[PDB]
Every structure is written in structure tokens, then in C-alpha cells.
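This is target27.cif. It holds mmCIF, C-alpha atoms; chains and numbers go by the auth columns.
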```
data_upload
#
loop_
_atom_site.group_PDB
_atom_site.id
_atom_site.type_symbol
_atom_site.label_atom_id
_atom_site.label_comp_id
_atom_site.label_asym_id
_atom_site.label_seq_id
_atom_site.Cartn_x
_atom_site.Cartn_y
_atom_site.Cartn_z
_atom_site.B_iso_or_equiv
_atom_site.auth_seq_id
_atom_site.auth_asym_id
ATOM 1 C CA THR A 1 -6.538 5.992 -31.679 0.00 2 A
ATOM 2 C CA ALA A 2 -5.135 4.989 -28.265 0.00 3 A
ATOM 3 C CA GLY A 3 -3.683 7.929 -26.301 0.00 4 A
ATOM 4 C CA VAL A 4 -5.500 10.612 -28.365 0.00 5 A
ATOM 5 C CA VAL A 5 -8.413 12.337 -26.663 0.00 6 A
ATOM 6 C CA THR A 6 -10.751 14.677 -28.532 0.00 7 A
ATOM 7 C CA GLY A 7 -11.606 17.234 -25.867 0.00 8 A
ATOM 8 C CA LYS A 8 -10.124 19.281 -23.056 0.00 9 A
ATOM 9 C CA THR A 9 -9.262 16.669 -20.397 0.00 10 A
ATOM 10 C CA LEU A 10 -6.481 14.183 -19.866 0.00 11 A
ATOM 11 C CA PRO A 11 -7.651 10.893 -18.299 0.00 12 A
ATOM 12 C CA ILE A 12 -5.398 9.137 -15.759 0.00 13 A
ATOM 13 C CA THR A 13 -5.768 5.467 -14.789 0.00 14 A
ATOM 14 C CA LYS A 14 -4.277 4.001 -11.654 0.00 15 A
ATOM 15 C CA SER A 15 -4.006 0.241 -11.278 0.00 16 A
ATOM 16 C CA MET A 16 -3.002 -1.311 -7.982 0.00 17 A
ATOM 17 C CA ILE A 17 -1.644 -4.848 -8.400 0.00 18 A
ATOM 18 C CA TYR A 18 -4.124 -6.835 -6.297 0.00 19 A
ATOM 19 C CA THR A 19 -4.900 -10.534 -6.747 0.00 20 A
ATOM 20 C CA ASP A 20 -6.040 -11.852 -3.339 0.00 21 A
ATOM 21 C CA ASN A 21 -9.084 -10.642 -1.389 0.00 22 A
ATOM 22 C CA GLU A 22 -7.650 -12.001 1.891 0.00 23 A
ATOM 23 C CA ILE A 23 -5.085 -9.159 1.761 0.00 24 A
ATOM 24 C CA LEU A 24 -6.037 -5.729 3.121 0.00 25 A
ATOM 25 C CA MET A 25 -5.714 -2.944 0.503 0.00 26 A
ATOM 26 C CA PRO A 26 -3.867 -0.012 2.146 0.00 27 A
ATOM 27 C CA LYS A 27 -5.935 3.087 2.934 0.00 28 A
ATOM 28 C CA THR A 28 -3.905 5.649 0.972 0.00 29 A
ATOM 29 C CA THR A 29 -3.897 8.150 -1.901 0.00 30 A
ATOM 30 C CA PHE A 30 -1.820 8.434 -5.022 0.00 31 A
ATOM 31 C CA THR A 31 -1.086 11.876 -6.405 0.00 32 A
ATOM 32 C CA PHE A 32 -0.315 12.696 -10.018 0.00 33 A
ATOM 33 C CA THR A 33 1.459 15.930 -10.915 0.00 34 A
ATOM 34 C CA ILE A 34 1.500 17.851 -14.171 0.00 35 A
ATOM 35 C CA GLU A 35 4.228 20.422 -14.865 0.00 36 A
ATOM 36 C CA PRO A 36 5.469 22.308 -17.962 0.00 37 A
ATOM 37 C CA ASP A 37 8.085 20.663 -20.147 0.00 38 A
ATOM 38 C CA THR A 38 10.422 23.670 -19.697 0.00 39 A
ATOM 39 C CA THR A 39 12.697 22.732 -22.609 0.00 40 A
ATOM 40 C CA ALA A 40 9.944 22.099 -25.173 0.00 41 A
ATOM 41 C CA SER A 41 10.414 23.944 -28.532 0.00 42 A
ATOM 42 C CA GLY A 42 10.576 23.490 -32.345 0.00 43 A
ATOM 43 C CA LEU A 43 2.592 24.242 -35.262 0.00 49 A
ATOM 44 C CA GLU A 44 4.941 25.609 -32.622 0.00 50 A
ATOM 45 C CA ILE A 45 5.673 23.402 -29.622 0.00 51 A
ATOM 46 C CA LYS A 46 5.645 25.467 -26.441 0.00 52 A
ATOM 47 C CA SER A 47 6.189 24.858 -22.729 0.00 53 A
ATOM 48 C CA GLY A 48 2.839 23.962 -21.139 0.00 54 A
ATOM 49 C CA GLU A 49 0.938 26.920 -19.628 0.00 55 A
ATOM 50 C CA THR A 50 -0.303 26.506 -16.032 0.00 56 A
ATOM 51 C CA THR A 51 -2.405 29.667 -15.415 0.00 57 A
ATOM 52 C CA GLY A 52 -5.763 28.341 -14.162 0.00 58 A
ATOM 53 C CA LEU A 53 -4.580 24.689 -14.243 0.00 59 A
ATOM 54 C CA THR A 54 -5.116 22.459 -11.242 0.00 60 A
ATOM 55 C CA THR A 55 -1.714 20.731 -11.297 0.00 61 A
ATOM 56 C CA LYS A 56 -2.591 17.784 -8.951 0.00 62 A
ATOM 57 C CA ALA A 57 -4.973 14.864 -9.511 0.00 63 A
ATOM 58 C CA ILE A 58 -5.604 12.200 -6.829 0.00 64 A
ATOM 59 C CA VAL A 59 -7.128 8.734 -6.445 0.00 65 A
ATOM 60 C CA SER A 60 -7.890 7.099 -3.103 0.00 66 A
ATOM 61 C CA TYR A 61 -7.847 3.518 -1.903 0.00 67 A
ATOM 62 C CA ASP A 62 -9.265 2.129 1.317 0.00 68 A
ATOM 63 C CA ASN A 63 -9.392 -1.143 3.200 0.00 69 A
ATOM 64 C CA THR A 64 -12.744 -2.124 1.637 0.00 70 A
ATOM 65 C CA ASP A 65 -11.282 -2.069 -1.902 0.00 71 A
ATOM 66 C CA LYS A 66 -11.017 -5.607 -3.250 0.00 72 A
ATOM 67 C CA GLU A 67 -10.316 -7.178 -6.699 0.00 73 A
ATOM 68 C CA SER A 68 -13.181 -5.269 -8.221 0.00 74 A
ATOM 69 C CA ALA A 69 -11.993 -1.829 -7.015 0.00 75 A
ATOM 70 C CA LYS A 70 -8.256 -2.027 -7.705 0.00 76 A
ATOM 71 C CA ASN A 71 -8.366 0.346 -10.709 0.00 77 A
ATOM 72 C CA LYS A 72 -9.203 4.021 -10.224 0.00 78 A
ATOM 73 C CA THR A 73 -9.478 7.000 -12.578 0.00 79 A
ATOM 74 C CA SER A 74 -8.899 10.717 -12.364 0.00 80 A
ATOM 75 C CA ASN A 75 -8.099 13.483 -14.838 0.00 81 A
ATOM 76 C CA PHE A 76 -6.470 16.803 -15.502 0.00 82 A
ATOM 77 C CA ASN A 77 -8.660 19.500 -16.936 0.00 83 A
ATOM 78 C CA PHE A 78 -7.282 21.945 -19.512 0.00 84 A
ATOM 79 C CA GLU A 79 -10.693 23.666 -20.051 0.00 85 A
ATOM 80 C CA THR A 80 -9.813 26.005 -17.161 0.00 86 A
ATOM 81 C CA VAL A 81 -6.496 27.275 -18.594 0.00 87 A
ATOM 82 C CA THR A 82 -5.842 30.655 -20.276 0.00 88 A
ATOM 83 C CA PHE A 83 -3.543 29.913 -23.223 0.00 89 A
ATOM 84 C CA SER A 84 -1.827 32.983 -24.749 0.00 90 A
ATOM 85 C CA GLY A 85 -2.013 31.610 -28.339 0.00 91 A
ATOM 86 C CA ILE A 86 -2.606 28.609 -30.625 0.00 92 A
ATOM 87 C CA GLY A 87 -0.127 25.720 -30.658 0.00 93 A
ATOM 88 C CA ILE A 88 0.958 22.524 -28.974 0.00 94 A
ATOM 89 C CA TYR A 89 1.574 22.837 -25.256 0.00 95 A
ATOM 90 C CA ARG A 90 3.722 20.121 -23.731 0.00 96 A
ATOM 91 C CA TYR A 91 3.596 18.871 -20.144 0.00 97 A
ATOM 92 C CA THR A 92 5.168 16.135 -18.052 0.00 98 A
ATOM 93 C CA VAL A 93 2.894 13.910 -15.905 0.00 99 A
ATOM 94 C CA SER A 94 4.294 11.785 -13.070 0.00 100 A
ATOM 95 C CA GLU A 95 3.193 10.051 -9.900 0.00 101 A
ATOM 96 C CA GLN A 96 4.509 11.270 -6.576 0.00 102 A
ATOM 97 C CA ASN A 97 6.494 8.788 -4.513 0.00 103 A
ATOM 98 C CA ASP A 98 4.907 9.258 -1.063 0.00 104 A
ATOM 99 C CA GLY A 99 7.295 6.746 0.565 0.00 105 A
ATOM 100 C CA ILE A 100 4.548 4.868 2.513 0.00 106 A
ATOM 101 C CA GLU A 101 5.967 1.680 4.073 0.00 107 A
ATOM 102 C CA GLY A 102 5.208 -1.389 1.952 0.00 108 A
ATOM 103 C CA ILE A 103 4.076 0.476 -1.182 0.00 109 A
ATOM 104 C CA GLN A 104 5.935 0.377 -4.521 0.00 110 A
ATOM 105 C CA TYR A 105 5.313 3.555 -6.580 0.00 111 A
ATOM 106 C CA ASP A 106 5.325 3.842 -10.382 0.00 112 A
ATOM 107 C CA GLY A 107 8.306 5.999 -11.415 0.00 113 A
ATOM 108 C CA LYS A 108 7.287 6.354 -15.102 0.00 114 A
ATOM 109 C CA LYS A 109 7.249 9.771 -16.743 0.00 115 A
ATOM 110 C CA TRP A 110 4.555 10.627 -19.246 0.00 116 A
ATOM 111 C CA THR A 111 4.469 13.438 -21.783 0.00 117 A
ATOM 112 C CA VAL A 112 1.343 15.224 -22.882 0.00 118 A
ATOM 113 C CA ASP A 113 0.738 17.469 -25.929 0.00 119 A
ATOM 114 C CA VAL A 114 -2.348 19.660 -25.738 0.00 120 A
ATOM 115 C CA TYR A 115 -3.455 20.948 -29.167 0.00 121 A
ATOM 116 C CA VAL A 116 -4.861 24.471 -28.696 0.00 122 A
ATOM 117 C CA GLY A 117 -7.087 26.156 -31.384 0.00 123 A
ATOM 118 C CA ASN A 118 -9.756 28.957 -31.349 0.00 124 A
ATOM 119 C CA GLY A 119 -10.389 33.148 -27.497 0.00 129 A
ATOM 120 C CA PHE A 120 -8.346 29.913 -27.434 0.00 130 A
ATOM 121 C CA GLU A 121 -9.081 26.361 -26.224 0.00 131 A
ATOM 122 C CA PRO A 122 -7.812 22.721 -26.224 0.00 132 A
ATOM 123 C CA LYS A 123 -8.946 20.485 -29.127 0.00 133 A
ATOM 124 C CA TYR A 124 -6.917 17.258 -28.726 0.00 134 A
ATOM 125 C CA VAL A 125 -4.835 15.796 -25.923 0.00 135 A
ATOM 126 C CA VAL A 126 -2.161 13.257 -26.902 0.00 136 A
ATOM 127 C CA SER A 127 -0.264 11.157 -24.333 0.00 137 A
ATOM 128 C CA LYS A 128 2.925 9.069 -24.536 0.00 138 A
ATOM 129 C CA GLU A 129 5.585 7.729 -22.218 0.00 139 A
ATOM 130 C CA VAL A 130 8.608 10.036 -22.191 0.00 140 A
ATOM 131 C CA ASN A 131 11.173 8.831 -24.784 0.00 141 A
ATOM 132 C CA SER A 132 8.522 6.779 -26.686 0.00 142 A
ATOM 133 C CA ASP A 133 6.745 7.546 -29.997 0.00 143 A
ATOM 134 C CA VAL A 134 3.868 5.222 -29.057 0.00 144 A
ATOM 135 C CA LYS A 135 0.623 6.989 -28.236 0.00 145 A
ATOM 136 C CA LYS A 136 -1.232 5.392 -25.317 0.00 146 A
ATOM 137 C CA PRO A 137 -3.422 6.437 -22.378 0.00 147 A
ATOM 138 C CA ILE A 138 -1.668 7.280 -19.106 0.00 148 A
ATOM 139 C CA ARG A 139 -1.780 4.312 -16.692 0.00 149 A
ATOM 140 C CA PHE A 140 0.255 4.169 -13.493 0.00 150 A
ATOM 141 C CA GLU A 141 0.713 0.757 -11.887 0.00 151 A
ATOM 142 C CA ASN A 142 1.447 0.494 -8.129 0.00 152 A
ATOM 143 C CA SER A 143 1.848 -2.447 -5.781 0.00 153 A
ATOM 144 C CA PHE A 144 2.344 -3.298 -2.153 0.00 154 A
ATOM 145 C CA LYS A 145 3.796 -5.990 0.030 0.00 155 A
ATOM 146 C CA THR A 146 2.596 -7.923 3.018 0.00 156 A
ATOM 147 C CA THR A 147 4.619 -9.694 5.673 0.00 157 A
ATOM 148 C CA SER A 148 4.085 -12.517 8.198 0.00 158 A
ATOM 149 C CA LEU A 149 4.291 -13.288 11.890 0.00 159 A
ATOM 150 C CA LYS A 150 4.726 -16.777 13.320 0.00 160 A
ATOM 151 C CA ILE A 151 4.387 -17.332 17.066 0.00 161 A
ATOM 152 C CA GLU A 152 5.631 -20.579 18.606 0.00 162 A
ATOM 153 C CA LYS A 153 5.644 -21.940 22.155 0.00 163 A
ATOM 154 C CA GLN A 154 8.581 -23.868 23.623 0.00 164 A
ATOM 155 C CA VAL A 155 8.727 -25.461 27.069 0.00 165 A
ATOM 156 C CA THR A 156 11.957 -26.258 28.959 0.00 166 A
ATOM 157 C CA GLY A 157 12.869 -27.882 32.304 0.00 167 A
ATOM 158 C CA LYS A 158 -0.087 -27.832 29.144 0.00 174 A
ATOM 159 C CA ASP A 159 -1.800 -25.018 27.233 0.00 175 A
ATOM 160 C CA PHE A 160 -0.468 -21.493 27.622 0.00 176 A
ATOM 161 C CA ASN A 161 -2.854 -18.570 27.118 0.00 177 A
ATOM 162 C CA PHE A 162 -1.891 -15.756 24.759 0.00 178 A
ATOM 163 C CA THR A 163 -3.375 -12.422 23.735 0.00 179 A
ATOM 164 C CA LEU A 164 -2.546 -10.683 20.461 0.00 180 A
ATOM 165 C CA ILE A 165 -3.717 -7.249 19.407 0.00 181 A
ATOM 166 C CA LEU A 166 -3.025 -5.684 16.024 0.00 182 A
ATOM 167 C CA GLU A 167 -3.278 -1.918 16.566 0.00 183 A
ATOM 168 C CA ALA A 168 -4.973 0.174 13.918 0.00 184 A
ATOM 169 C CA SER A 169 -2.811 2.547 11.817 0.00 185 A
ATOM 170 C CA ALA A 170 -3.792 5.246 9.331 0.00 186 A
ATOM 171 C CA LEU A 171 -3.387 2.656 6.533 0.00 187 A
ATOM 172 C CA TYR A 172 -5.143 -0.320 8.173 0.00 188 A
ATOM 173 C CA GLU A 173 -8.147 0.563 10.267 0.00 189 A
ATOM 174 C CA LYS A 174 -9.978 -0.899 13.237 0.00 190 A
ATOM 175 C CA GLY A 175 -12.520 -3.538 12.394 0.00 191 A
ATOM 176 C CA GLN A 176 -10.722 -4.842 9.267 0.00 192 A
ATOM 177 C CA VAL A 177 -9.674 -8.495 9.264 0.00 193 A
ATOM 178 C CA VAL A 178 -6.296 -10.188 8.924 0.00 194 A
ATOM 179 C CA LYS A 179 -6.022 -13.943 8.374 0.00 195 A
ATOM 180 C CA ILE A 180 -4.517 -16.261 10.961 0.00 196 A
ATOM 181 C CA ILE A 181 -3.816 -20.011 10.637 0.00 197 A
ATOM 182 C CA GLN A 182 -4.516 -21.713 13.913 0.00 198 A
ATOM 183 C CA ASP A 183 -4.590 -25.484 14.524 0.00 199 A
ATOM 184 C CA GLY A 184 -4.767 -25.902 10.718 0.00 200 A
ATOM 185 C CA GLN A 185 -7.791 -23.612 10.295 0.00 201 A
ATOM 186 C CA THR A 186 -7.850 -20.219 8.615 0.00 202 A
ATOM 187 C CA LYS A 187 -9.524 -17.677 10.933 0.00 203 A
ATOM 188 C CA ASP A 188 -9.983 -13.871 11.188 0.00 204 A
ATOM 189 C CA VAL A 189 -8.222 -11.525 13.576 0.00 205 A
ATOM 190 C CA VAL A 190 -10.026 -8.177 13.770 0.00 206 A
ATOM 191 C CA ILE A 191 -7.669 -5.167 13.935 0.00 207 A
ATOM 192 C CA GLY A 192 -7.931 -3.130 17.151 0.00 208 A
ATOM 193 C CA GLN A 193 -9.151 -5.752 19.624 0.00 209 A
ATOM 194 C CA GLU A 194 -7.689 -8.539 21.700 0.00 210 A
ATOM 195 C CA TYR A 195 -7.425 -11.937 20.010 0.00 211 A
ATOM 196 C CA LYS A 196 -7.018 -14.795 22.523 0.00 212 A
ATOM 197 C CA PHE A 197 -5.563 -18.204 21.674 0.00 213 A
ATOM 198 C CA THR A 198 -3.624 -21.065 23.271 0.00 214 A
ATOM 199 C CA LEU A 199 -0.440 -22.935 22.459 0.00 215 A
ATOM 200 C CA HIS A 200 1.260 -25.985 24.004 0.00 216 A
ATOM 201 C CA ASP A 201 4.921 -27.007 23.575 0.00 217 A
ATOM 202 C CA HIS A 202 5.980 -26.871 19.905 0.00 218 A
ATOM 203 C CA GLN A 203 2.615 -25.542 18.665 0.00 219 A
ATOM 204 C CA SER A 204 2.607 -22.422 16.467 0.00 220 A
ATOM 205 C CA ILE A 205 0.180 -19.938 14.947 0.00 221 A
ATOM 206 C CA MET A 206 0.901 -17.855 11.791 0.00 222 A
ATOM 207 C CA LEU A 207 -0.471 -14.697 10.229 0.00 223 A
ATOM 208 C CA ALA A 208 0.806 -15.141 6.662 0.00 224 A
ATOM 209 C CA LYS A 209 -0.588 -12.024 4.924 0.00 225 A
ATOM 210 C CA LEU A 210 0.030 -9.389 7.580 0.00 226 A
ATOM 211 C CA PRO A 211 -0.076 -5.654 6.727 0.00 227 A
ATOM 212 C CA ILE A 212 3.283 -3.859 6.752 0.00 228 A
ATOM 213 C CA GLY A 213 3.655 -0.959 9.160 0.00 229 A
ATOM 214 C CA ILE A 214 1.047 -1.915 11.768 0.00 230 A
ATOM 215 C CA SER A 215 2.001 -2.419 15.375 0.00 231 A
ATOM 216 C CA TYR A 216 1.121 -5.441 17.504 0.00 232 A
ATOM 217 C CA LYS A 217 1.575 -6.629 21.038 0.00 233 A
ATOM 218 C CA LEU A 218 1.664 -10.186 22.346 0.00 234 A
ATOM 219 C CA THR A 219 1.214 -11.205 25.962 0.00 235 A
ATOM 220 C CA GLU A 220 1.001 -14.543 27.758 0.00 236 A
ATOM 221 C CA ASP A 221 -0.952 -15.094 30.952 0.00 237 A
ATOM 222 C CA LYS A 222 1.183 -15.873 34.013 0.00 238 A
ATOM 223 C CA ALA A 223 1.626 -19.644 34.304 0.00 239 A
ATOM 224 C CA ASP A 224 2.435 -20.864 37.822 0.00 240 A
ATOM 225 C CA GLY A 225 5.752 -22.689 38.094 0.00 241 A
ATOM 226 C CA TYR A 226 7.098 -21.143 34.880 0.00 242 A
ATOM 227 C CA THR A 227 9.030 -18.067 33.923 0.00 243 A
ATOM 228 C CA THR A 228 8.415 -16.777 30.401 0.00 244 A
ATOM 229 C CA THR A 229 10.758 -15.036 27.961 0.00 245 A
ATOM 230 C CA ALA A 230 10.541 -14.437 24.211 0.00 246 A
ATOM 231 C CA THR A 231 12.772 -13.765 21.222 0.00 247 A
ATOM 232 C CA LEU A 232 11.928 -12.037 17.941 0.00 248 A
ATOM 233 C CA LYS A 233 13.700 -13.241 14.797 0.00 249 A
ATOM 234 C CA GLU A 234 13.381 -10.809 11.823 0.00 250 A
ATOM 235 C CA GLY A 235 14.154 -12.579 8.545 0.00 251 A
ATOM 236 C CA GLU A 236 17.731 -13.945 8.808 0.00 252 A
ATOM 237 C CA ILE A 237 19.062 -11.085 11.067 0.00 253 A
ATOM 238 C CA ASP A 238 19.935 -12.251 14.618 0.00 254 A
ATOM 239 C CA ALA A 239 17.151 -12.950 17.117 0.00 255 A
ATOM 240 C CA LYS A 240 16.773 -10.278 19.835 0.00 256 A
ATOM 241 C CA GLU A 241 14.656 -10.221 22.991 0.00 257 A
ATOM 242 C CA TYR A 242 10.957 -9.457 22.668 0.00 258 A
ATOM 243 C CA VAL A 243 9.429 -8.240 25.931 0.00 259 A
ATOM 244 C CA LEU A 244 5.853 -9.518 26.098 0.00 260 A
ATOM 245 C CA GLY A 245 3.399 -6.589 26.275 0.00 261 A
ATOM 246 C CA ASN A 246 5.580 -4.261 24.151 0.00 262 A
ATOM 247 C CA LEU A 247 4.490 -2.801 20.801 0.00 263 A
ATOM 248 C CA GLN A 248 6.342 -4.163 17.808 0.00 264 A
ATOM 249 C CA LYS A 249 5.977 -2.638 14.325 0.00 265 A
ATOM 250 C CA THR A 250 5.690 -4.919 11.278 0.00 266 A
ATOM 251 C CA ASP A 251 8.045 -4.296 8.340 0.00 267 A
ATOM 252 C CA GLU A 252 9.229 -6.157 5.224 0.00 268 A
ATOM 253 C CA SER A 253 11.039 -9.053 6.930 0.00 269 A
ATOM 254 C CA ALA A 254 9.127 -12.177 8.077 0.00 270 A
ATOM 255 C CA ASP A 255 8.938 -12.229 11.934 0.00 271 A
ATOM 256 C CA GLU A 256 9.063 -15.282 14.193 0.00 272 A
ATOM 257 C CA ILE A 257 8.486 -14.988 17.917 0.00 273 A
ATOM 258 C CA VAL A 258 9.475 -17.956 20.083 0.00 274 A
ATOM 259 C CA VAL A 259 7.997 -17.751 23.564 0.00 275 A
ATOM 260 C CA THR A 260 9.868 -19.985 26.029 0.00 276 A
ATOM 261 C CA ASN A 261 8.158 -21.159 29.207 0.00 277 A
ATOM 262 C CA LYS A 262 10.845 -22.494 31.567 0.00 278 A
ATOM 263 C CA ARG A 263 9.839 -24.718 34.490 0.00 279 A
ATOM 264 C CA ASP A 264 10.954 -23.167 37.777 0.00 280 A
#
```
So that I can check it, write out the structure of this file as C-alpha cells.
Amino acid sequence: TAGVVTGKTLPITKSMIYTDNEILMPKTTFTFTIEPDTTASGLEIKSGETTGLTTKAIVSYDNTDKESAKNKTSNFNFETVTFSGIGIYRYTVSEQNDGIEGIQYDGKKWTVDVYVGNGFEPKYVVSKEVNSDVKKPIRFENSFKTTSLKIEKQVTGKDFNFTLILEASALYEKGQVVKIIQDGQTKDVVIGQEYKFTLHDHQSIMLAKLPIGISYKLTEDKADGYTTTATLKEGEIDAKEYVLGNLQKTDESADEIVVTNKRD
């Protein structure tokens, strides 16, 4: 039967929603916690016993994880626990919300009955969602978002030379690639190094699947007979000045930078 394990361990499955290999999987961990159901009563049903129980299980993702590595497994091990007597010991399993920018965490609560026989030891482990009678294996489902940056050139009053760098973060490391669309063609920007390109009046470039929470800086080479200024528009909130050469952090709103070269 689904959600009934003959043995001493509780399997945990983590699925990250991931459908596009062009997107960088965040380098991060998810942590599952097991605690006693402190109100469990009514074999006798008892509050879960935690003496000798490792109460944390973890799975790890990194930037190399693609479609084929989106699901991970861990477990809790009840073999190591000293139970004071036979019975059913009830625990609550949840996933910690680590609050990492861009990540959506599974808030579901799971309940676990461990059937303890004869010393004493676990015999069966049964799992269900809290408030459900349906037995099923524990599976947490997480997801994450990406954003975008468009950069356009306007001339007032010729190719202008730009440099973009996406700085590495703890989540998105140096040497990983982010897609850019440039003169119609899909190309690769490598995180942590200068990416040089050109734009003329009304030409744009776009990074459409940009990691959330990384920092970037954009500069333009000095162009004789022009002064250069730039604005950053975040979603529908009002455009503010972007000073070329400054670090800007990506977040959930789609960014557009308009760089204006004004003839002197």
C-alpha cells in the first residue's frame, strides 16, 4: 500500500518544479523537520519519542541540476530511537521555509505513525497529510521564479559599446550560463565575467530567464560628443536613475534599462 513502509525508516521525496534546461537551478538546500505530535492520544497512540532521533533531513540542489535531477530523496531513521514501550508513536513532518529570494516553499504538514513492537523497535511507518485519511508517501513540491532584464539604447540631439557582468552569488555560481537574446540570436552570458556587446539607436538586448537575487552592473564606453544617462524601470513602478557602473540586484519584477546617449 502507498504510504506504508515495512521497516524503520521514513522516506522523503522532494520535487522541484523544473521544466526548462535553459534556467539555472538554484544552489540551495531544503530541510525537513520531524517533531512529536504533542497532543496525540487515544494500541495506544503516543507523542513521538525523539531520544536518539536525528530530527532534520536535507536535500541539496546545485546549478548543474537539470530536468533529470529535479527530484531528490532523503529519509528519517527510527532505528536509532529508544522507545519506552510498544505502541504507535505520532510525529509531524514539515519543510522549513528558508525564505531564499525567488523560491516558493511547500507549506504542507505531514503526519507519521511509527508502529513499535519487540527491547523495542519500529515495524511499520505510515504517512499521511495532516487532516487526511489517505495514506501516501511524503512528497514536498517546491518551485522558483526567474526574472528578466531588457537593455535598450536611445539617441537624442552609430554603435555604442556596452559591458555587462552578472556577479556570482551563493545561489548562482561563477561559470554558469544565463541566456541572452541579441540581434535575434540566443547566446550565453557566463556569470562572473565581462560580457561585451553593442547597440545603436532603438536596438535592445534581453535576458529573459535571469536568476533572481544576483547582482549585475552595466557600463557604456565613453562616446565622444555624447553624454550618457540611464533609467531603470522595475515592472510598472516609476523609472528611477540607474548610474552606469553601479551594482543592481535582480528581484521579482521585470527590469528595463534605457540608456540615453545625448549629442552634445
Long-range neighbours of residue 97 of chain A as a PyMOL selection string, 12 Å cut-off, only C-alpha atoms, 4 positions minimum in chain: chain A and resi 11+34-42+51-56+59+61+82+84+115-121+135-140
Spatial neighbours of residue 73 of chain A, max dist 9 Å, only C-alpha atoms, sep filter under 4 positions, as a count of residues only: 5
Evaluate the PyMOL selection byres ((chain A and resi 189) around 12) and report residues as number ranges by chain: A: 25-29, 68-70, 182-188, 190-194, 206-209, 227, 229-231
Selection: 10 Å around residue 244 of chain A, only C-alpha atoms, excl. self and same-chain fewer than 4 positions, as a list in words: residues 164, 165, 236, 237, 238, 239, 259, 260, 275, 276, 277, 278 and 279 of chain A
Within 12 Å of file point (-9.3, 9.4, -32.1), counting all atoms listed in the file, expressed as a ChimeraX atom specification: /A:2-8,133-136,145-147
For the PyMOL selection byres ((chain A and resi 80) around 6), applied here, can you spell out every residue it catches as a compact mmCIF listing (two decimals) with C-alpha atoms, in the frame of the given file?
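Result went into out_14.txt, see below:
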```txt
# COMPACT_ATOMS: atom_id res chain seq x y z
CA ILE A 13 -5.40 9.14 -15.76
CA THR A 79 -9.48 7.00 -12.58
CA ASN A 81 -8.10 13.48 -14.84
```
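The shortest atom-to-atom distance to residue 258 of chain A, with all atoms listed in the file taken into account, belongs to A:161 out of A:161, A:87, A:196, A:94.
When all atoms listed in the file are used to compute distances to residue 222 of chain A, the closest of the residues A:16, A:83, A:198, A:66 turns out to be A:198.
Each of A:86, A:266, A:214, A:245 was checked against residue 233 of chain A using all atoms listed in the file; the smallest atom-to-atom distance is that of A:266.
Taking atom CA of residue 211 of chain A and atom CA of residue 159 of chain A as endpoints, the distance between them is 14.3 Å.
Candidate residues A:242, A:215, A:205, A:232 were compared for distance to residue 274 of chain A, and the nearest is A:215, using only C-alpha atoms.
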Using all atoms listed in the file, find each residue in segment 6-84 of chain A having at least one atom no more than 7 Å away from segment 150-155 of chain A; report its shortest atom-to-atom pair and that distance in Å (one decimal), rows by chain then rising number, as a tab-separated table.
```
residue	atom	partner	partner_atom	distance
A:14	CA	A:150	CA	6.3
A:15	CA	A:150	CA	4.9
A:16	CA	A:151	CA	4.8
A:17	CA	A:152	CA	4.8
A:18	CA	A:153	CA	5.0
```
